[PDB]
Each structure stands twice: as C-alpha cells, then as structure tokens.
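S.K.: Have a peek at entry_13.txt (compact mmCIF, C-alpha atoms and all ligand atoms).
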```
# COMPACT_ATOMS: atom_id res chain seq x y z
CA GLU A 1 105.53 113.94 101.05
CA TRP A 2 104.45 110.31 100.88
CA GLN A 3 105.00 107.57 103.45
CA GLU A 4 104.49 103.83 103.00
CA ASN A 5 102.95 102.06 106.03
CA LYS A 6 103.21 98.35 105.29
CA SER A 7 101.33 97.44 108.47
CA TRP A 8 98.20 98.40 106.52
CA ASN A 9 98.80 95.49 104.12
CA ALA A 10 97.25 93.29 106.80
CA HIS A 11 93.92 95.05 106.32
CA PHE A 12 93.82 93.56 102.81
CA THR A 13 95.38 90.11 103.34
CA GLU A 14 93.43 89.46 106.55
CA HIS A 15 90.29 90.06 104.45
CA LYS A 16 91.65 87.51 101.95
CA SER A 17 92.04 90.48 99.57
CA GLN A 18 94.62 92.55 97.68
CA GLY A 19 94.58 96.29 97.04
CA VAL A 20 95.80 99.75 97.99
CA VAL A 21 94.54 102.43 100.37
CA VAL A 22 95.79 106.00 99.96
CA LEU A 23 95.17 108.69 102.59
CA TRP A 24 95.94 112.41 102.49
CA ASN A 25 96.02 114.58 105.63
CA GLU A 26 94.87 117.96 104.32
CA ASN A 27 96.06 120.08 107.28
CA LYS A 28 99.60 118.65 107.22
CA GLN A 29 99.80 118.07 103.44
CA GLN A 30 101.05 114.49 103.89
CA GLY A 31 100.04 111.26 102.17
CA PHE A 32 100.13 107.65 103.35
CA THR A 33 99.65 104.26 101.70
CA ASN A 34 100.26 100.55 102.19
CA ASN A 35 101.70 100.16 98.66
CA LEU A 36 103.41 103.08 96.93
CA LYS A 37 103.50 101.41 93.52
CA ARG A 38 99.85 100.33 93.38
CA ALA A 39 98.85 103.76 94.74
CA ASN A 40 100.16 105.06 91.39
CA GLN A 41 98.80 102.19 89.28
CA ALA A 42 96.20 103.44 86.79
CA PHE A 43 92.87 101.62 86.32
CA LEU A 44 89.52 102.20 84.67
CA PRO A 45 87.55 104.54 86.97
CA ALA A 46 84.20 102.80 86.32
CA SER A 47 81.47 104.38 88.45
CA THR A 48 83.85 106.76 90.27
CA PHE A 49 83.64 108.61 86.95
CA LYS A 50 80.10 109.62 87.88
CA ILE A 51 81.78 112.40 89.91
CA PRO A 52 83.31 114.23 86.91
CA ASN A 53 80.38 113.18 84.72
CA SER A 54 77.95 114.84 87.15
CA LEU A 55 80.01 118.04 87.25
CA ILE A 56 80.11 118.32 83.47
CA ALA A 57 76.41 117.57 83.05
CA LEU A 58 75.50 120.21 85.64
CA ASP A 59 77.80 122.90 84.30
CA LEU A 60 76.60 122.47 80.69
CA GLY A 61 72.92 122.50 81.63
CA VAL A 62 72.41 118.84 80.74
CA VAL A 63 71.19 118.46 84.33
CA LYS A 64 69.28 121.47 85.67
CA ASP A 65 69.50 120.61 89.38
CA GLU A 66 69.56 117.72 91.84
CA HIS A 67 65.74 117.33 91.65
CA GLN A 68 65.33 116.97 87.88
CA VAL A 69 63.85 113.54 87.18
CA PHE A 70 65.43 111.15 84.68
CA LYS A 71 62.66 108.79 83.64
CA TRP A 72 63.21 105.06 83.46
CA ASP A 73 63.44 104.14 79.78
CA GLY A 74 61.27 101.06 80.41
CA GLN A 75 64.01 98.47 79.77
CA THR A 76 64.23 95.93 82.57
CA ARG A 77 67.87 95.60 83.63
CA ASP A 78 69.42 93.16 86.09
CA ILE A 79 69.91 95.74 88.87
CA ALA A 80 66.46 96.25 90.35
CA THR A 81 67.08 99.78 91.68
CA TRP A 82 67.94 100.89 88.12
CA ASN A 83 64.40 100.05 86.90
CA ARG A 84 62.76 103.23 88.18
CA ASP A 85 62.85 107.02 87.96
CA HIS A 86 65.91 108.79 89.39
CA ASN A 87 67.32 112.22 90.13
CA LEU A 88 71.00 113.12 90.51
CA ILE A 89 71.08 112.16 94.20
CA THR A 90 69.51 108.72 93.74
CA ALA A 91 71.35 108.06 90.47
CA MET A 92 74.62 108.58 92.34
CA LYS A 93 73.43 106.56 95.34
CA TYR A 94 72.50 103.50 93.26
CA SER A 95 75.25 103.95 90.65
CA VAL A 96 72.68 104.04 87.84
CA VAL A 97 74.82 103.52 84.73
CA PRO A 98 72.08 104.05 82.08
CA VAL A 99 71.22 107.52 83.42
CA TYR A 100 74.86 108.58 83.13
CA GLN A 101 75.22 107.05 79.67
CA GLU A 102 72.44 109.42 78.61
CA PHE A 103 74.38 112.26 80.26
CA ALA A 104 77.48 111.33 78.28
CA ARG A 105 75.70 111.21 74.91
CA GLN A 106 74.21 114.66 75.52
CA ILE A 107 77.61 116.02 76.60
CA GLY A 108 79.29 114.65 73.48
CA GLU A 109 82.86 113.65 72.69
CA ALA A 110 84.34 117.10 72.15
CA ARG A 111 83.00 118.70 75.33
CA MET A 112 83.72 115.62 77.44
CA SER A 113 87.34 115.58 76.26
CA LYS A 114 87.80 119.32 76.82
CA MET A 115 86.42 119.06 80.36
CA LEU A 116 88.62 116.15 81.40
CA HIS A 117 91.66 118.03 80.10
CA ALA A 118 90.57 121.03 82.18
CA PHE A 119 90.11 118.77 85.23
CA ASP A 120 93.59 117.21 84.69
CA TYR A 121 91.70 113.94 85.22
CA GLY A 122 93.82 110.80 84.90
CA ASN A 123 95.21 110.28 81.42
CA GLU A 124 92.40 112.46 79.98
CA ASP A 125 91.79 109.79 77.29
CA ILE A 126 88.11 109.19 76.39
CA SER A 127 88.87 106.77 73.53
CA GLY A 128 85.99 104.32 73.12
CA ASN A 129 82.23 104.81 73.04
CA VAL A 130 81.25 108.23 74.31
CA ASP A 131 78.74 106.47 76.59
CA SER A 132 80.92 103.68 78.02
CA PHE A 133 84.63 104.70 77.88
CA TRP A 134 84.87 104.83 81.69
CA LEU A 135 83.79 101.16 81.69
CA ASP A 136 85.60 99.69 78.66
CA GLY A 137 87.44 102.57 76.91
CA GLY A 138 90.82 104.21 77.27
CA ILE A 139 90.43 106.40 80.37
CA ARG A 140 92.73 105.52 83.28
CA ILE A 141 93.33 107.06 86.71
CA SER A 142 95.45 106.09 89.72
CA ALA A 143 94.50 106.36 93.40
CA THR A 144 96.86 109.30 93.95
CA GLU A 145 95.39 111.02 90.87
CA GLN A 146 91.91 110.48 92.34
CA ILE A 147 93.07 112.37 95.45
CA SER A 148 94.45 115.22 93.34
CA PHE A 149 91.09 115.53 91.57
CA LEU A 150 89.08 115.29 94.81
CA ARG A 151 91.16 117.99 96.51
CA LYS A 152 90.33 120.40 93.70
CA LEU A 153 86.62 119.57 94.05
CA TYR A 154 86.67 120.02 97.84
CA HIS A 155 88.22 123.49 97.41
CA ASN A 156 85.92 124.49 94.50
CA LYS A 157 88.99 124.85 92.24
CA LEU A 158 87.81 122.79 89.26
CA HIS A 159 87.02 124.70 86.06
CA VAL A 160 83.26 124.54 86.54
CA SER A 161 80.97 126.79 88.56
CA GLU A 162 80.96 126.75 92.36
CA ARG A 163 77.29 125.73 92.17
CA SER A 164 78.09 122.65 90.09
CA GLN A 165 80.81 121.62 92.56
CA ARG A 166 78.55 122.14 95.60
CA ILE A 167 75.75 120.06 94.05
CA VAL A 168 78.06 117.15 93.24
CA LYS A 169 79.48 117.26 96.76
CA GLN A 170 75.89 117.08 98.01
CA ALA A 171 75.21 114.07 95.75
CA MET A 172 78.40 112.39 97.05
CA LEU A 173 77.07 112.42 100.64
CA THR A 174 77.37 108.85 101.98
CA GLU A 175 77.44 108.92 105.80
CA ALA A 176 77.14 111.48 108.57
CA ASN A 177 77.00 111.32 112.36
CA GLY A 178 78.28 113.31 115.32
CA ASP A 179 81.85 112.14 114.64
CA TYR A 180 82.43 112.48 110.89
CA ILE A 181 81.01 113.05 107.41
CA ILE A 182 81.95 110.88 104.42
CA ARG A 183 81.48 112.14 100.86
CA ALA A 184 82.53 109.45 98.40
CA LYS A 185 81.70 107.33 95.36
CA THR A 186 82.11 103.59 94.77
CA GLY A 187 83.29 101.93 91.58
CA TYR A 188 83.12 98.41 90.16
CA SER A 189 85.04 97.62 86.96
CA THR A 190 84.05 94.31 85.34
CA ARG A 191 84.27 94.65 81.56
CA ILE A 192 88.08 94.50 81.23
CA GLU A 193 90.57 92.59 83.36
CA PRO A 194 91.57 93.02 86.10
CA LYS A 195 88.16 93.27 87.78
CA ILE A 196 88.52 95.78 90.63
CA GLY A 197 86.48 97.79 93.11
CA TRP A 198 87.03 101.46 94.01
CA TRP A 199 86.07 103.75 96.88
CA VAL A 200 87.17 107.39 96.72
CA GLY A 201 86.17 110.48 98.69
CA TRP A 202 87.05 112.16 101.95
CA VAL A 203 86.27 112.19 105.67
CA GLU A 204 85.30 115.55 107.17
CA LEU A 205 86.22 116.05 110.84
CA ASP A 206 85.69 119.09 113.04
CA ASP A 207 89.22 120.37 112.41
CA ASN A 208 90.68 118.49 109.41
CA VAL A 209 89.79 116.59 106.23
CA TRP A 210 91.24 113.20 105.25
CA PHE A 211 91.04 112.37 101.55
CA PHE A 212 91.07 108.71 100.56
CA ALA A 213 91.20 106.51 97.48
CA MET A 214 91.24 102.71 97.54
CA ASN A 215 90.98 99.97 94.97
CA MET A 216 91.07 96.21 95.35
CA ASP A 217 90.86 93.06 93.25
CA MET A 218 87.21 92.02 92.88
CA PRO A 219 86.94 88.56 91.29
CA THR A 220 83.30 88.25 92.43
CA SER A 221 80.58 90.69 93.40
CA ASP A 222 80.47 88.98 96.83
CA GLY A 223 83.32 91.16 98.11
CA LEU A 224 81.93 94.57 97.15
CA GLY A 225 81.22 95.45 100.78
CA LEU A 226 84.94 95.09 101.47
CA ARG A 227 85.56 98.39 99.67
CA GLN A 228 84.12 100.29 102.65
CA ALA A 229 85.06 97.73 105.31
CA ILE A 230 88.77 97.68 104.47
CA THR A 231 88.93 101.48 104.23
CA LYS A 232 87.28 101.89 107.63
CA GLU A 233 89.78 99.51 109.25
CA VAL A 234 92.55 101.84 108.08
CA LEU A 235 90.66 104.90 109.31
CA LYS A 236 90.05 103.28 112.71
CA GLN A 237 93.66 102.14 113.14
CA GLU A 238 94.81 105.71 112.44
CA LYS A 239 92.16 107.05 114.85
CA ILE A 240 90.56 109.15 112.14
CA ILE A 241 87.20 107.60 113.09
CA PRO A 242 86.18 105.72 116.25
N1 LIG B 1 76.93 91.93 89.48
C1 LIG B 1 77.02 93.11 88.87
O1 LIG B 1 77.31 93.22 87.67
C2 LIG B 1 76.76 94.34 89.68
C3 LIG B 1 76.84 95.60 89.10
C4 LIG B 1 76.57 96.74 89.84
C5 LIG B 1 76.22 96.65 91.19
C6 LIG B 1 75.93 97.87 91.98
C7 LIG B 1 74.71 98.55 91.86
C8 LIG B 1 74.44 99.67 92.63
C9 LIG B 1 75.38 100.13 93.53
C10 LIG B 1 76.60 99.48 93.68
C11 LIG B 1 77.63 99.97 94.66
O2 LIG B 1 78.69 99.31 94.76
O3 LIG B 1 77.36 101.00 95.33
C12 LIG B 1 76.86 98.36 92.90
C13 LIG B 1 76.15 95.39 91.76
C14 LIG B 1 76.42 94.25 91.03
```
Now that the file is in, can you turn its structure into structure tokens?
Ligand SMILES: NC(=O)c1ccc(-c2cccc(C(=O)O)c2)cc1
M.R.:
Amino acid sequence: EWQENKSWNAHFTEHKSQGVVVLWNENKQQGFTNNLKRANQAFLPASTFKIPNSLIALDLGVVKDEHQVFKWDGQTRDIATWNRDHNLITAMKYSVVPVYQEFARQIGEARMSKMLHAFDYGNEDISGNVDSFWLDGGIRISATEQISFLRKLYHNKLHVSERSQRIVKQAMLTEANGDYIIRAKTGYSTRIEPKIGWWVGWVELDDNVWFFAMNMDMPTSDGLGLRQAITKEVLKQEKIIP
C-alpha cells in the first residue's frame, strides 16, 4: 500500500525547493510520499550507486575488506578530500568518485551487468563508460526502486555474501545516538540535466525500521545540505525522530 501525504510538499516549497520524499514503514509494510508520480520517476543514481558498487567489489574480491587502502593516484582534483588515501569507509563518507571508477574498471562490463540484473537494480542498464555510467550513462532508478533495493540489503537478501552486505551496511553508517541510527548514502547528479540531489537509506529505531529515499532539484551546489535537512523535517513531523 502507498499513501500520498501532500502536506509534506511544504517541506520542499518552504525550503524554496522541489522534490520527493518516500518513506516505508517496515513493520506495517506501508509506504508514504508527498508526490506519487515523482516517487516513481527514474533518475541517474550518481553517488548512491556506490552502495551496489561497493557490494560487487567486495563480493568479487576487488576490495578485500573495509581497511584495504586505495592510494591517491597523485592527480589533484577539485574536491580536497579526494586528494588523499582512502579505504572503503572513508571513500563512502567523502563520495570519492575516482576510487569507485577504479572499482568499476576492475569489475568490468560483463560482471557489473550480471550483478545489477541479480540485484533487480533500477533499469539494470549500464550503457556508457564502464567507469562513469552511473554519472552520465544509461542507468536509471526511481525512489521507490531505491527502497526495494535497500530492503533487500537490510535483510541480507541480495545475491552476494552476507559478509559483503554487512560491510556495506557498516560503510553506510551516517549518524547514531540514543534515539536512532541512520545508514544512508548521498548522491549529486550534475553531468546530465536535470541536476538533482539524492539521499537514500533507513532509520533504525528500537522496534522498527523506516526506509527512505529522496531526491530534489539541485541547480547549485549551495543546496546540497537540504538533502538531509528536508528529509529530517519529514521524519520529525511523523515523529520518527525527535
Ligand atoms: N561542486 C561539485 O561538483 C561537487 C561535487 C561533489 C561534492 C561532494 C563531495 C563529497 C561529498 C559530498 C556529499 O554530498 O556527501 C559531495 C561537492 C561538490
């Protein structure tokens, strides 16, 4: 079941923004959104693709564990935190594209395609460069499809090892306190219009889990913080978090 709650539209417009938030109550098996159509609108995943990319790299032995160090290749890029050594945890944290492009080249077209078919991930189309298709290739995924994929990961039901799924869920850790845990990944798609931002993941409570997927128009990088801020306004209104 899916319910549209148009009162949530204010969380976008009052931030001078436009987008969709999708929530899924795991215990009750019910979904909610401010915009049913945009909840099903398919976009480039951009850096949210680091979730499936991590899983594939781990399960094929491209990445040995969350401590293996991926050396900076010495090229100075415009994002300062990219110009250093990383492991899987910090590469996720800082959304280090060049590390994951190396992952993708080592995975290769055939294995990448097979894995995304097995994951039932979006349109399963990797057309483009093997090392940039999630940024300017043919792959597309909607917010509700992100939730489908995340629910499989949470329950260790994807067609990779349990170990691989546990490690990626560790690398997705974003916030934790006495009230909730958030495991999630941001995305920022700029190479093809429309420019958008993503935030997808879930909120762990003592007695339930709330999955979420949001995207929003992102004409400038100045609004990137709104990905989390808008989502948290929805979570607070629904009393999922204080
Ligand atoms: N102007 C830009 O092209 C640009 C590109 C990427 C980032 C970035 C880098 C690291 C983490 C995140 C993030 O959202 O978590 C975003 C910022 C700015």
S.K.: Please provide the set of residues having any atom within 7 Å of residue 25 (chain A), restricted to only C-alpha atoms, with same-chain residues fewer than 6 positions apart removed, written as a PyMOL selection string.
M.R.: chain A and resi 31+209-211
S.K.: For region 26-42 of chain A, I'd like the enclosing box, axis-aligned and padded by 4 Å on every side, reported as lines of an AutoDock Vina configuration file with centre and edge lengths in Å to one decimal.
M.R.:
```
center_x = 99.2
center_y = 110.1
center_z = 97.0
size_x = 16.6
size_y = 27.9
size_z = 28.5
```
S.K.: Give the residue list for ligand LIG 1 (chain B) at 7 Å, counting all atoms listed in the file, as a VMD selection string, sorted by chain and then by residue number.
M.R.: chain A and resid 79 93 to 96 186 to 188 221 224
S.K.: Check the smallest atom-to-atom distance from each of A:214, A:112, A:89, A:99 to residue 59 (chain A) using only C-alpha atoms, then report the winner.
M.R.: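 The shortest atom-to-atom distance to residue 59 (chain A) comes from A:112.
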S.K.: Leaving out residue 134 (chain A) and any residue of its chain fewer than 2 positions from it, which residues lie within 12 Å of it when counting only C-alpha atoms, given as a PyMOL selection string?
M.R.: chain A and resi 43-53+97+100-101+104+112+116+121-132+136-141+187-192
S.K.: Would you list the contacts of residue 5 (chain A) as a list in words, taking every protein, DNA or RNA residue within 12 Å and counting only C-alpha atoms, but skipping same-chain residues closer than 5 positions in sequence?
M.R.: residues 10, 11, 20, 21, 22, 23, 31, 32, 33, 34, 35, 36, 234, 237 and 238 of chain A
S.K.: With all atoms listed in the file as the atoms that count, which of A:111, A:17, A:204, A:164 lies nearest to residue 225 (chain A)?
M.R.: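 Of A:111, A:17, A:204, A:164, the one nearest residue 225 (chain A) is A:17, counting all atoms listed in the file.
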S.K.: Rank A:119, A:202, A:103, A:70 by their smallest atom-to-atom distance to residue 172 (chain A), using all atoms listed in the file, and report the top residue only.
M.R.: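 For residue 172 (chain A), the nearest of the given residues is A:202.
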S.K.: Using Å and a single decimal, report how far CA of residue 158 (chain A) sits from CA of residue 207 (chain A).
M.R.: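 We find that CA of residue 207 (chain A) and CA of residue 158 (chain A) lie 23.3 Å from each other.
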S.K.: Nearest to residue 153 (chain A): which of A:55, A:71, A:88, A:7 is it, counting only C-alpha atoms?
M.R.: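 Residue with the minimum atom-to-atom distance to residue 153 (chain A): A:55.
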S.K.: Which one is closest to residue 200 (chain A): A:58, A:147, A:92, A:240? Count all atoms listed in the file.
M.R.: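 Selected residue with least distance to residue 200 (chain A): A:147.
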S.K.: If I take CA of residue 37 (chain A) and CA of residue 13 (chain A), how far is one from the other in Å, to one decimal?
M.R.: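 Pair CA of residue 37 (chain A) / CA of residue 13 (chain A) returns 17.0 Å.
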S.K.: List as a PDB file with C-alpha atoms, keeping the file's coordinate frame the protein and nucleic acid residues near residue 154 (chain A), meaning an atom at most 9 Å away when only C-alpha atoms are counted, but skip any in the same chain fewer than 6 places from it.
M.R.:
```
ATOM      1  CA  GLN A 165      80.810 121.620  92.560  1.00  0.00           C
ATOM      2  CA  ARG A 166      78.550 122.140  95.600  1.00  0.00           C
ATOM      3  CA  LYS A 169      79.480 117.260  96.760  1.00  0.00           C
ATOM      4  CA  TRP A 202      87.050 112.160 101.950  1.00  0.00           C
TER       5      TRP A 202
END
```
S.K.: For residue 182 (chain A), work out the shell of residues within 8 Å, counting all atoms listed in the file and skipping chain neighbours fewer than 5 positions away, then give it as a short mmCIF file (atom, residue, chain, number, x, y, z; two decimals) with C-alpha atoms, in the coordinates of the input.
M.R.:
```cif
data_model
loop_
_atom_site.label_atom_id
_atom_site.label_comp_id
_atom_site.auth_asym_id
_atom_site.auth_seq_id
_atom_site.Cartn_x
_atom_site.Cartn_y
_atom_site.Cartn_z
CA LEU A 173 77.07 112.42 100.64
CA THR A 174 77.37 108.85 101.98
CA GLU A 175 77.44 108.92 105.80
CA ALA A 176 77.14 111.48 108.57
CA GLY A 201 86.17 110.48 98.69
CA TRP A 202 87.05 112.16 101.95
CA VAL A 203 86.27 112.19 105.67
CA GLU A 204 85.30 115.55 107.17
#
```
S.K.: If you measure from CA of residue 184 (chain A) to CA of residue 213 (chain A), what distance in Å do you get, rounded to one decimal?
M.R.: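 Separation between CA of residue 184 (chain A) and CA of residue 213 (chain A): 9.2 Å.
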S.K.: Using all atoms listed in the file, which of A:98, A:150, A:1, A:177 sits nearest residue 83 (chain A)?
M.R.: A:98
